[PDB]
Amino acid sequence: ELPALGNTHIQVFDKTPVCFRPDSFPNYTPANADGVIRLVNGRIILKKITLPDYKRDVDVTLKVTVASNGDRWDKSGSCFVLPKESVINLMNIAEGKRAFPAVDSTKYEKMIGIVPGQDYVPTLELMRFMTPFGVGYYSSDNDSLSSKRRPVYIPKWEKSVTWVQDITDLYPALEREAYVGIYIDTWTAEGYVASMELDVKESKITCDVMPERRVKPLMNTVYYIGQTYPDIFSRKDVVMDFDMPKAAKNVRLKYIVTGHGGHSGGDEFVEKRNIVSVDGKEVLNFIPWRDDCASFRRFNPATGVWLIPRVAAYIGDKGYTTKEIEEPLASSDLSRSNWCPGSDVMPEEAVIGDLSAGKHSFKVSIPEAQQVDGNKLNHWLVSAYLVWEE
């Protein structure tokens, strides 16, 4: 019979600004009155959370809400947690106390912080998201920029976007005390406002002992701080070793990927096969893609718009007929490499099976990925981790 501590709800962030204001915020700003720490001139918000010492099992739910506060763009986002087992992390790097470890250039070029190294474990992602174009700030009924960009089939713009995911598997990374944060690749002073809620529901069953969950971050190419766009996959596969000190049963891989390069023909808009392997065996092999981005239209008041001519069938006063029309196409409608402006990203899972104690290899290959070329910022945001029960 285990004691009940009760549920825990945390309003981590509440319309907390995420922006780029290098005159107000340097690489590191200590905790403000609300506990918010800011890194990289405001592009990263961070907060220490405490959770009671749960003995019973729990369910963990994450709810992230974003709105533009002026920034018009669809920027990349990462809700994350600093790994507890890592001496080096984003915060003490920002403070100037540490640095990402140097990497072997034959394997990882100049891609610091994407794989583990001495005293370093890559940042763990709680949720990858992509902001829509200007939701909120540009969403009013008579907004001077978006009011005549609203298609006839969209009765009203949404005022914000919200994503919810079960992250129970990540409880080990949140337990007792942890630093969680949100990063948005924003370069405007107006930026965004972000909200984040953690809901920990404690089991009502007296006998329900908390299982021994484990999490092992493997990789993270998100360019949080002093990092470079990850187009490395265009020249080489990213291969790394990892250790399993103890044999583990029924291990699962979680893989989070989005493709980027927003110019015409860039990796944001072209299909590229991802092949992920463990110990030389393929465990995921698929094209990260979405063809439903029109479904996010009401979240994108400030998206760009083009007129595409098309012969359209329709019902006129004298029955069915056809005519040439000029049909609006929004940038937000376009199919993309595993996301849409206004979507989150569900991690792909793969059941790895049992892993013996000892050395193992992990490989991520996006063989036709394109190189950065001047202003063509082709890259792939990839993070991965393992989870299992001991």
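A residue's number is simply how far along the shown sequence it sits, counting from 1.
As listed in the deposited structure, the average C-alpha B-factor of 310-318 and of 154-162 is greater for 310-318.
Relative to its counterpart among 233-241 and 127-135, 233-241 has the higher mean temperature factor, C-alpha atoms as listed in the PDB entry. Across 184, 205, 180, 293, the greatest Cα temperature factor reported in the deposited entry is at 205. Looking at 49, 355, 340, 39, the one whose CA carries the top B-factor in the deposited record is 355. Among the modelled residues of the chain, residue 333 sits in the lowest third by CA temperature factor in this PDB entry. Residue 370: CA B factor lies in the middle third for its chain, per the PDB record.
Among all modelled residues in this chain, the alpha-carbon of residue 323 has a temperature factor (C-alpha) in the highest third.
Ranked by Cα temperature factor within the chain, residue 246 sits in the highest third according to the deposited record. Residue 200: CA B factor lies in the highest third for its chain, per the PDB record.
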